Amino acid sequence: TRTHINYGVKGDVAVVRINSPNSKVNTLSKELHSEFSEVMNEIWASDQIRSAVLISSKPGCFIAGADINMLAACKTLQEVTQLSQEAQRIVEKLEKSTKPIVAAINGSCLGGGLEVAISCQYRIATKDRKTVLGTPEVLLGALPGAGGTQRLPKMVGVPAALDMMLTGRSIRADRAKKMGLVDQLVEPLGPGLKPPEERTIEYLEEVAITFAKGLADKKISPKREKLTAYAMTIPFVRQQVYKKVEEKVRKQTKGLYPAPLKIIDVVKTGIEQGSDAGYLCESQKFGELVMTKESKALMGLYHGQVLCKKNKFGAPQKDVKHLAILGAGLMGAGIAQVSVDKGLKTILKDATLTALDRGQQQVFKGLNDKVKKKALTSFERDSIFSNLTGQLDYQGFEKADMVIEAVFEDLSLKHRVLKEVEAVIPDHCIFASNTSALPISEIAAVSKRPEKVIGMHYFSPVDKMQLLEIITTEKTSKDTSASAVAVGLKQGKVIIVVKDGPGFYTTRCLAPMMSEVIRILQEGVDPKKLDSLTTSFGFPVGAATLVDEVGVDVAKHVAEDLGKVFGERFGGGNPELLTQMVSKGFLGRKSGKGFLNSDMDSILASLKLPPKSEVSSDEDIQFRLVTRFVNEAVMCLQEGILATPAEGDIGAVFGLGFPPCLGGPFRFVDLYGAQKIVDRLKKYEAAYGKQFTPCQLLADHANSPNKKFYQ
Amino acid sequence: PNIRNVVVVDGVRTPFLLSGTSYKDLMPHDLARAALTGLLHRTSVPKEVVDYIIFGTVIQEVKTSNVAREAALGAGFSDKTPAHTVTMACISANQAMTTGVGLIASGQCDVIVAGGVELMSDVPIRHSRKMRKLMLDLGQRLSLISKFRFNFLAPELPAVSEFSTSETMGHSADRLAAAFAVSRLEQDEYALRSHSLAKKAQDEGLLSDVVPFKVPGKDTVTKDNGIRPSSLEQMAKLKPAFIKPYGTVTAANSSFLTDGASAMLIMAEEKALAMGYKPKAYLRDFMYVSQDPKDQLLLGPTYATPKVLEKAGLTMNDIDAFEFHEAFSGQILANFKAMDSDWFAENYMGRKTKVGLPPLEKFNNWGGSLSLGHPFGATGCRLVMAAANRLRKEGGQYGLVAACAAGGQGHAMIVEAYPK
Amino acid sequence: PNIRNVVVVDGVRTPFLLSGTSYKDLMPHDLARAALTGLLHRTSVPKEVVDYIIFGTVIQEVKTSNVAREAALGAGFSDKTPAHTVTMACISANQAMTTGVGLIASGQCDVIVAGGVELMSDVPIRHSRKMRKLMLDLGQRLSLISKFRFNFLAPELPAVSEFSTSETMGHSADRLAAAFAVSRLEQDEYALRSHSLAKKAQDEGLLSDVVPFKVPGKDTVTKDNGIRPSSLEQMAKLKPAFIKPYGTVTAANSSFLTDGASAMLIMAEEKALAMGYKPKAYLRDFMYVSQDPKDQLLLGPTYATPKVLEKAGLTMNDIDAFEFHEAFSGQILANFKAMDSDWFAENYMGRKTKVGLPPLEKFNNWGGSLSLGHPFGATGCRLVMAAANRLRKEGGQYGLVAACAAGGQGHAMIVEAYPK
């Protein structure tokens, strides 16, 4: 009947409204089209109404894309192509009606909503930051919900949206006029006789109805300088555009994404061939690349992506407004660069003036590029900058309520630093620290308050990567943890909570990968080759760039830290030579040039350590580093690193550097199987017998009795 | 009750001309001098008794800063009279009177001149941010400063956009207009009124706060120009300019670029009765408040008025004669519509109901803004005599003047009748 | 004696840089924001209690008028705080404090911020009087406006000349200098003092009215730059620039183009004792007088001081600590020389003798102008804390601050010690 969609008569115009009170946001589903069908036919069975308009009367987004648990609802190939052939037949119903129609946008329209949007004759949008217009198609790796890519370049153009529909990234409503998807804009309103946002969703109805009567008697026309140069001009440059794109997609990424080129063949065949006949090619394509081993776990990545952008600890009690960043440098000014714009007062501690110049010139230089790309106004830029004051000694920590240490890592100096920066701080505070190596329970037994100390570890370029990690002692209260993760998600960076251990999670898994980055050049296979060799498997940055990523000075400490405990037998397993690297005094990224450098070779030919021989090709050493990485990534939760490990590699792929289009280190028991990797290291069984030894929990349900982790 | 009182005396206003007529020749401190000499023409005051003149601009013609100093020296004042300008966006004058009454009630001086003077005919189009670095030029260093050059000559424009939100007056105008349910027909009944009364006001010819002077370049005299009446059907055809044609603010029912000046005199009451000039009004309390320029940009007056009624200790409906300042049609009826209901005093302060009820009859009868133009920083120092001679003309004894400014500041002050 | 009192609280001043160093990148409402945030760094006041901030410029960067509004909105103030600028020539700030104390003693508001902000690095070089008529341009009328043209492109310059007499600061400077029998040797003893004390003042490092901030374009921090000591023989070789070499004002002992800002806070005493901040000073009477700009152009302070001593009811020699503002060397000793004799109070008022006798010992010891530069509209709101912390540092309880302005206005007001 009318369970989610309804209209009425006002101005003799059908105001069909979109709402779904069950979830917070509305999703395109079979359960929505099952009633969205038998309304427009009644609109098409009417004659008094001469124009109609649809809108999402629920505040927030417009609609979702494909509903996350419906395309991931497992069904066989003929039905998943039947639904994705039926799903646009209802669009080819309404896109060419005799009675014209108008849609509207006042939200983050994403996914199949453009299918609803640009099929219309005339859409209308609201200029604000909340409304964005993007196509999450390649980001989950598919083709869209009804195949709108066969009328996007009819509308805006092949080269115009060809860098849109597979770049993944969204556009705000401001550039959409200069692009040409939506044509008219209307800015929202402030105060009303009704609350100051409910009128703005009820304002568009009347702007739509004053467009609507004009469409029926044609006072305005829907026929609304670089694309005009293209607009008729492709008789012969045909191959000489998508060939440039054919090698573009494999120079940006590497060739082991079989997803995005499989939307190119659409727009390759949509031009020059049968356009209406082209609407059934993707029916033979959408069922392929959804039922494949490329993006099958990518849906689970998205479930975790939305699943950890949640508070998850009760309710936030006594929210923070001030910060206290102990120490300038690269993390402190770094996390200040992100924790300043969206309403957090910060104070940035330094030792002398001589490093605040290196301080604020991050939080300014990485800020005005933001206004150089016109993503902010020129004025609000500077209020955002002036929310950040930099003290010198101490005057103002009596007002602070949350403290984050940022000093370069040591067990001895910070042991004192927590003892002198305890007295001028109130008792309802939070102390926290971004240690990377040494644990907090070794330093949580010193201060006056035992329970108001957590840990927050960041990652090194703080702007581009997008996650935090929490360090939780025995003594962390629920209010302390909730108040921490409030800063975590108000920060915007997707959180994961970790019960600690000697070496917590990320360096805990990175050093048993980094300790064999020396092992390829331990024989001397020209590790410039290794960059291509490992980016071929899928890692976005090479292992040479990983050791040029971590900083050469902390590499000896993250070698000695768990090597103090158990890193000599299976948190490592090769002779350390990085102290010989720094014996000359190489400086890493601050030396600018990386590794030919003419001095790595003298290390190995110092004394003849590589007479070694084993059949280890490139694929062999790729799976050696990956299988040890997943041996450690399955070692976690065997001691109970957290509650349930399906929360795991939402962290461990998203800042660690693990490739997407590979499901995660906790996700190779499923599409690659524990049986096959145990055959891989059982092929590797007689090599050393010491370091690569597999864990016991995954191995007992590995091969025969078809068991999985949770599936 | 022991604070010294304070008095408005006769308020000279040179008439307002739409830009492009005879004030396109002038110099932005000259009709200051004209209005001030006209003040010294009908006041008969010795020119050495006038104590502390203060003006107010918005443009600040930078060949001569602090306009009031030489603009008093030009009219032959005794130069033992200090002066300063006061620059706000729109209620510059009528910030002049309030700092003057603060200067008087401190009890140190004698009399104040307050005036507001501007010309939007010659807006300042300045040269660039970086070509003016060739000020370093003013024999090889003269070359080497000139050595670095590409084509970056572009005069940057003083786009009147309030800079806090980077958008012009009209976007916020029709936002607040459409937000409080204003139709196009209801928005122009007031536009019809604000000329239909104005032509009758000039017809009877008792709006007599006008001196003439001669423009030195062009021919004869001046008298106000922005008055034209029309019908409602001859207004809705005008396609709106501030936004795409779905919106509801056009150039017919909207302010226009006009130029002019104004002045008055403000006296202590005891010397007003000692010398013997017949006054016009007292000048009682004044609230002075601002609004956050993201939401309530031009919700100027009607967030300020119930803060001044309780300040004086009286009630709304028992006022005798308003006059609210306008800058757009509809804005003033949105400043009728919003506070003739609940929900808006609610959630933007605590627990009042309907504290704005202007009964529309005792409103802007001698046509306010949109009638004879809106100078950008000189309204207000029209408006006080347009309250004073008005409420003398009928009965009544009190009346509030309130105005809105580009930037969120409001202004509101009550004016009492003649002390006899 | 029943008038409410009034209080200066801690007076932030961003340091003054000679033009050409790191403030040649800025934007003339930005170090306003820097000085104001620095005021909100050491005051711990809730940002919603600060009532009515007022600033003062002289240049009025016209892309954003009324500097104080958005310059308070930029520092994150609650925007229920109205603001205005006040523009004079030279004592713009220190006209800010006096209209603030008038605003307080009227008894309607709570606290005042007064500050003065300018940059003479980017002076406004505007385009022409008649090329800006091409504003009429903004399809054949677009041609016909462009049809009339010869070569009349010339940027007219803001030559700082006071316009009432069409001659620069320096002509009137050395006129008044030579008119009161000032030799070149006597004119530069004071120039030696006004650096010799200044370097020692920065050496002991208790001139602590300075916040640093970082200039966003250039490298690190700021601290004052105009301080350089030299010998007397290394000064007389500098050939004078304001007039032909018979004259006696050169660029060594003269003000220089410098940029900077300043702010403070002004509190009512009863809320200063209710909230509990430790004050600095009271702020008693203020005379405010002007001089005719043909003869006594820079005879600013010493025509105003015996009008404020009799206003307060005390005597000259029993003041405890002056500080007179300077703008030229010699000017201040001509403001020593003239009133240490007769004939000048004679014939320019009636019957006093020697009402200026400053004993030179209790003078500008923490070096005033010429020490750390003279910003064109921000001095004064240095000078009050440089009186306050100074007379707290030694004994004594009273002290006058007095300044001269480009145009004949003077300023003089007495400042009392801390109320404990």
# chains A, B, ... in the order shown; residues from 1 in each chain; ligands from 1
call {"tool": "interface_residues", "arguments": {"of": "chain C", "to": "chain B", "cutoff": "6 Å", "atoms": "only C-alpha atoms", "output": "ChimeraX atom specification"}}
result
/C:63,66,79-82,84-88,102,126-127,158,289-292
call {"tool": "closest_atom_pairs", "arguments": {"of": "chain A", "to": "chain B", "cutoff": "10 Å", "atoms": "only C-alpha atoms", "output": "tab-separated table"}}
result
residue	atom	partner	partner_atom	distance
A:184	CA	B:244	CA	8.2
A:185	CA	B:244	CA	8.8
A:186	CA	B:244	CA	9.0
A:187	CA	B:175	CA	8.2
A:188	CA	B:175	CA	7.9
A:189	CA	B:175	CA	6.0
A:190	CA	B:295	CA	4.7
A:191	CA	B:295	CA	6.3
A:192	CA	B:179	CA	5.6
A:193	CA	B:343	CA	6.3
A:194	CA	B:343	CA	7.3
A:195	CA	B:343	CA	8.3
A:196	CA	B:179	CA	9.1
A:199	CA	B:179	CA	7.6
A:200	CA	B:179	CA	8.4
A:203	CA	B:179	CA	8.2
A:206	CA	B:246	CA	9.5
A:207	CA	B:246	CA	6.6
A:208	CA	B:246	CA	9.4
A:210	CA	B:246	CA	7.1
A:211	CA	B:246	CA	7.8
A:377	CA	B:166	CA	7.9
A:378	CA	B:166	CA	8.8
A:379	CA	B:164	CA	6.8
A:380	CA	B:164	CA	8.2
call {"tool": "select_by_dssp", "arguments": {"residues": "stretch 197-411 of chain B", "states": "helix (DSSP H, G or I)", "output": "PyMOL selection string"}}
result
chain B and resi 197-204+269-275+301-303+305-312+331-337+383-393
call {"tool": "write_last_selection", "arguments": {"atoms": "N, CA and C atoms", "output": "CSV table (one decimal), in the first residue's frame"}}
result
chain,number,residue,atom,x,y,z
B,197,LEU,N,2.6,56.4,0.2
B,197,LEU,CA,2.6,57.4,1.2
B,197,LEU,C,3.6,58.4,0.9
B,198,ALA,N,4.7,58.1,0.2
B,198,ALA,CA,5.8,59.0,0.1
B,198,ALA,C,5.5,60.1,-0.9
B,199,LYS,N,4.8,59.8,-1.9
B,199,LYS,CA,4.4,60.8,-2.9
B,199,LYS,C,3.4,61.8,-2.3
B,200,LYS,N,2.5,61.3,-1.4
B,200,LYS,CA,1.6,62.2,-0.7
B,200,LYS,C,2.4,63.0,0.4
B,201,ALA,N,3.4,62.5,0.9
B,201,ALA,CA,4.3,63.2,1.9
B,201,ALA,C,5.0,64.3,1.2
B,202,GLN,N,5.6,64.1,0.1
B,202,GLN,CA,6.1,65.2,-0.7
B,202,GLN,C,5.1,66.2,-1.2
B,203,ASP,N,3.9,65.7,-1.5
B,203,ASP,CA,2.8,66.5,-2.0
B,203,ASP,C,2.4,67.5,-1.0
B,204,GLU,N,2.1,67.1,0.3
B,204,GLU,CA,1.8,68.1,1.3
B,204,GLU,C,3.0,69.0,1.7
B,269,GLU,N,20.0,69.3,28.3
B,269,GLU,CA,18.7,70.0,28.5
B,269,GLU,C,18.9,71.3,29.2
B,270,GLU,N,19.8,71.4,30.2
B,270,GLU,CA,20.0,72.6,31.0
B,270,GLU,C,20.5,73.7,30.2
B,271,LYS,N,21.5,73.5,29.3
B,271,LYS,CA,21.8,74.6,28.4
B,271,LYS,C,20.8,74.8,27.3
B,272,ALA,N,20.0,73.8,27.0
B,272,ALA,CA,18.9,74.1,26.0
B,272,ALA,C,17.9,75.0,26.6
B,273,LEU,N,17.7,74.9,27.9
B,273,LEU,CA,16.8,75.9,28.6
B,273,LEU,C,17.4,77.2,29.0
B,274,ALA,N,18.8,77.2,29.2
B,274,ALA,CA,19.5,78.4,29.5
B,274,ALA,C,19.7,79.3,28.3
B,275,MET,N,20.1,78.7,27.2
B,275,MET,CA,20.2,79.5,26.0
B,275,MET,C,18.8,79.9,25.4
B,301,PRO,N,16.3,44.2,13.9
B,301,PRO,CA,15.6,45.0,15.0
B,301,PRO,C,14.9,44.1,16.0
B,302,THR,N,14.2,43.0,15.5
B,302,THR,CA,13.3,42.4,16.3
B,302,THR,C,13.9,41.3,17.2
B,303,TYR,N,15.2,41.2,17.3
B,303,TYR,CA,15.8,40.6,18.4
B,303,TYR,C,16.2,41.5,19.5
B,305,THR,N,14.4,44.7,20.2
B,305,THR,CA,13.3,45.5,20.8
B,305,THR,C,12.8,45.0,22.2
B,306,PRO,N,12.5,43.7,22.5
B,306,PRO,CA,12.1,43.4,23.8
B,306,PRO,C,13.2,43.4,24.8
B,307,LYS,N,14.4,43.6,24.4
B,307,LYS,CA,15.5,43.9,25.3
B,307,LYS,C,15.6,45.4,25.7
B,308,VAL,N,14.9,46.3,24.9
B,308,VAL,CA,14.9,47.7,25.3
B,308,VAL,C,13.6,48.1,25.9
B,309,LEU,N,12.5,47.3,25.7
B,309,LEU,CA,11.3,47.6,26.4
B,309,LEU,C,11.4,47.3,27.8
B,310,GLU,N,12.0,46.2,28.2
B,310,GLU,CA,12.2,45.9,29.6
B,310,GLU,C,13.3,46.8,30.2
B,311,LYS,N,14.2,47.3,29.3
B,311,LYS,CA,15.2,48.2,29.8
B,311,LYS,C,14.5,49.5,30.3
B,312,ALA,N,13.6,50.0,29.5
B,312,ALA,CA,12.9,51.2,29.9
B,312,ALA,C,11.8,51.0,30.9
B,331,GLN,N,11.6,41.8,4.3
B,331,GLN,CA,12.4,41.8,5.5
B,331,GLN,C,11.6,42.4,6.6
B,332,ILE,N,11.0,43.6,6.3
B,332,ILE,CA,10.3,44.2,7.4
B,332,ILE,C,8.9,43.5,7.7
B,333,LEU,N,8.4,42.8,6.7
B,333,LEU,CA,7.2,42.0,7.1
B,333,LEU,C,7.6,40.7,7.6
B,334,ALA,N,8.7,40.2,7.3
B,334,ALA,CA,9.3,39.1,8.1
B,334,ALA,C,9.6,39.5,9.5
B,335,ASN,N,10.0,40.7,9.7
B,335,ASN,CA,10.0,41.3,11.0
B,335,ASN,C,8.7,41.8,11.5
B,336,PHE,N,7.6,41.5,10.7
B,336,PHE,CA,6.3,41.5,11.3
B,336,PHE,C,5.8,40.0,11.5
B,337,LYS,N,6.1,39.1,10.6
B,337,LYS,CA,5.5,37.8,10.7
B,337,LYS,C,6.1,36.9,11.8
B,383,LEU,N,16.3,59.2,10.6
B,383,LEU,CA,15.1,58.6,11.2
B,383,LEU,C,14.6,59.2,12.5
B,384,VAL,N,15.5,59.9,13.2
B,384,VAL,CA,15.1,60.4,14.5
B,384,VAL,C,14.2,61.6,14.4
B,385,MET,N,14.5,62.5,13.5
B,385,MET,CA,13.5,63.6,13.2
B,385,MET,C,12.3,63.1,12.6
B,386,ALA,N,12.4,62.1,11.8
B,386,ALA,CA,11.2,61.5,11.2
B,386,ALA,C,10.4,60.7,12.2
B,387,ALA,N,10.9,60.5,13.4
B,387,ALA,CA,10.1,60.1,14.5
B,387,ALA,C,9.6,61.3,15.3
B,388,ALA,N,10.4,62.3,15.4
B,388,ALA,CA,10.1,63.4,16.3
B,388,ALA,C,9.0,64.3,15.8
B,389,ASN,N,9.2,64.9,14.6
B,389,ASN,CA,8.2,65.8,14.1
B,389,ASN,C,6.9,65.0,13.8
B,390,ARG,N,7.1,63.7,13.5
B,390,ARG,CA,5.9,62.8,13.3
B,390,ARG,C,5.1,62.7,14.6
B,391,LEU,N,5.7,62.4,15.7
B,391,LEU,CA,4.9,62.1,16.8
B,391,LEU,C,4.5,63.4,17.5
B,392,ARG,N,5.1,64.5,17.2
B,392,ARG,CA,4.6,65.8,17.5
B,392,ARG,C,3.3,66.1,16.7
B,393,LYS,N,3.3,65.7,15.4
B,393,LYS,CA,2.2,66.1,14.5
B,393,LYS,C,0.9,65.5,14.9
call {"tool": "residues_around", "arguments": {"residues": "residue A:218", "least_positions_apart": "5", "cutoff": "12 Å", "atoms": "only C-alpha atoms", "output": "number ranges by chain"}}
result
A: 51, 99-100, 211-213, 223
call {"tool": "write_last_selection", "arguments": {"atoms": "N, CA, C and O atoms", "output": "PDB file, in the first residue's frame"}}
result
ATOM      1  N   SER A  51       1.960  17.013 -13.450  1.00  0.00           N
ATOM      2  CA  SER A  51       3.380  16.991 -13.124  1.00  0.00           C
ATOM      3  C   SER A  51       3.540  16.368 -11.749  1.00  0.00           C
ATOM      4  O   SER A  51       2.642  16.462 -10.911  1.00  0.00           O
ATOM      5  N   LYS A  99       4.125  12.409 -19.385  1.00  0.00           N
ATOM      6  CA  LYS A  99       4.013  13.344 -18.286  1.00  0.00           C
ATOM      7  C   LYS A  99       5.379  13.551 -17.661  1.00  0.00           C
ATOM      8  O   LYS A  99       5.888  12.629 -17.012  1.00  0.00           O
ATOM      9  N   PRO A 100       5.995  14.714 -17.807  1.00  0.00           N
ATOM     10  CA  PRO A 100       7.352  14.910 -17.300  1.00  0.00           C
ATOM     11  C   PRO A 100       7.350  15.035 -15.786  1.00  0.00           C
ATOM     12  O   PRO A 100       6.327  15.284 -15.150  1.00  0.00           O
ATOM     13  N   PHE A 211       8.678  25.046 -10.373  1.00  0.00           N
ATOM     14  CA  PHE A 211       9.275  24.573 -11.613  1.00  0.00           C
ATOM     15  C   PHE A 211       8.301  23.693 -12.371  1.00  0.00           C
ATOM     16  O   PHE A 211       8.337  23.629 -13.601  1.00  0.00           O
ATOM     17  N   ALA A 212       7.382  23.059 -11.655  1.00  0.00           N
ATOM     18  CA  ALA A 212       6.668  21.913 -12.200  1.00  0.00           C
ATOM     19  C   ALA A 212       5.585  22.334 -13.173  1.00  0.00           C
ATOM     20  O   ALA A 212       5.430  21.723 -14.237  1.00  0.00           O
ATOM     21  N   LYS A 213       4.815  23.364 -12.818  1.00  0.00           N
ATOM     22  CA  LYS A 213       3.774  23.853 -13.712  1.00  0.00           C
ATOM     23  C   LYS A 213       4.384  24.448 -14.973  1.00  0.00           C
ATOM     24  O   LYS A 213       3.794  24.370 -16.057  1.00  0.00           O
ATOM     25  N   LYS A 223      16.952  21.917 -22.296  1.00  0.00           N
ATOM     26  CA  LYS A 223      18.115  21.883 -23.174  1.00  0.00           C
ATOM     27  C   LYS A 223      19.282  22.660 -22.575  1.00  0.00           C
ATOM     28  O   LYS A 223      19.964  23.410 -23.272  1.00  0.00           O
TER      29      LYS A 223
END
call {"tool": "residues_around", "arguments": {"residues": "stretch 8-21 of chain A", "least_positions_apart": "2", "cutoff": "7 Å", "atoms": "only C-alpha atoms", "output": "VMD selection string"}}
result
chain A and resid 4 to 6 23 to 24 26 48 to 58
call {"tool": "select_by_dssp", "arguments": {"residues": "stretch 467-678 of chain A", "states": "strand (DSSP E or B)", "output": "JSON, numbers by chain"}}
result
{"A": [467, 469, 470, 471, 472, 494, 497, 498, 499]}
call {"tool": "residues_around", "arguments": {"residues": "stretch 252-254 of chain C", "least_positions_apart": "3", "cutoff": "6 Å", "atoms": "only C-alpha atoms", "output": "PyMOL selection string"}}
result
chain C and resi 191+328-329
call {"tool": "write_last_selection", "arguments": {"atoms": "N, CA and C atoms", "output": "mmCIF file, in the first residue's frame"}}
result
data_model
loop_
_atom_site.group_PDB
_atom_site.id
_atom_site.type_symbol
_atom_site.label_atom_id
_atom_site.label_comp_id
_atom_site.auth_asym_id
_atom_site.auth_seq_id
_atom_site.Cartn_x
_atom_site.Cartn_y
_atom_site.Cartn_z
ATOM 1 N N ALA C 191 67.343 61.847 21.405
ATOM 2 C CA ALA C 191 67.395 60.696 20.513
ATOM 3 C C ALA C 191 68.314 59.621 21.061
ATOM 4 N N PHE C 328 58.253 62.977 16.745
ATOM 5 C CA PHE C 328 59.515 63.462 16.239
ATOM 6 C C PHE C 328 60.375 63.819 17.429
ATOM 7 N N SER C 329 61.675 63.686 17.256
ATOM 8 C CA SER C 329 62.577 64.239 18.244
ATOM 9 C C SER C 329 62.464 65.746 18.213
#
call {"tool": "residues_around", "arguments": {"residues": "stretch 473-478 of chain A", "least_positions_apart": "2", "cutoff": "7 Å", "atoms": "only C-alpha atoms", "output": "ChimeraX atom specification"}}
result
/A:441,450-454,471,480-482,499-500
call {"tool": "residues_around", "arguments": {"residues": "stretch 644-657 of chain A", "least_positions_apart": "4", "cutoff": "10 Å", "atoms": "only C-alpha atoms", "output": "MDAnalysis selection string"}}
result
chainID A and resid 300:308 458:461 464:469 494:498 505:507 509:510 538:542 546 633:634 636:638 640 662:667 709:710
